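Just one chain follows, in the form deposited in one PDB entry, and it is written as structure tokens.
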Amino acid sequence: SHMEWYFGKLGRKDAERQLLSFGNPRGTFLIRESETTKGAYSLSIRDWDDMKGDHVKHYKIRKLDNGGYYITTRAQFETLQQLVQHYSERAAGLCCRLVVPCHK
């Protein structure tokens, strides 16, 4: 039972500044109270890519009724074909990678 990642009442902007300080690697993270949704938490993560450089992504952690938590993501695509290609590469949130179209 570690709770080193729990920061309690910390604001979104404040978590961003803390996370973006020198020496924190990609995938540095913390969990904090949600500022926008009472009773929910937020998972704030430091990430990096070629274009934006260091940035922070926040994910809402909501309460299941009858106990526990969940995270939701929405992935948008221009076309179904683009969705298929994407999830053929990595599972990224689906039960598994798309492998082959069902034969007819």
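When you see a residue number, it is the position in the sequence shown, counting from 1.
Unshown form deposited in another entry; subsequent notes refer to it.
Structural comment: of the residues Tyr41, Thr72, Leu30, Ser21, the hinge joining the rigid parts that turn between this form and the one not shown is found at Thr72. A change of 3 Å or more separates the two forms for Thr73 and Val56: their C-alpha atoms lie farther apart in that other deposited form. CA of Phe77 to CA of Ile45: closer by 3 Å or more in that other deposited form than in the shown form.
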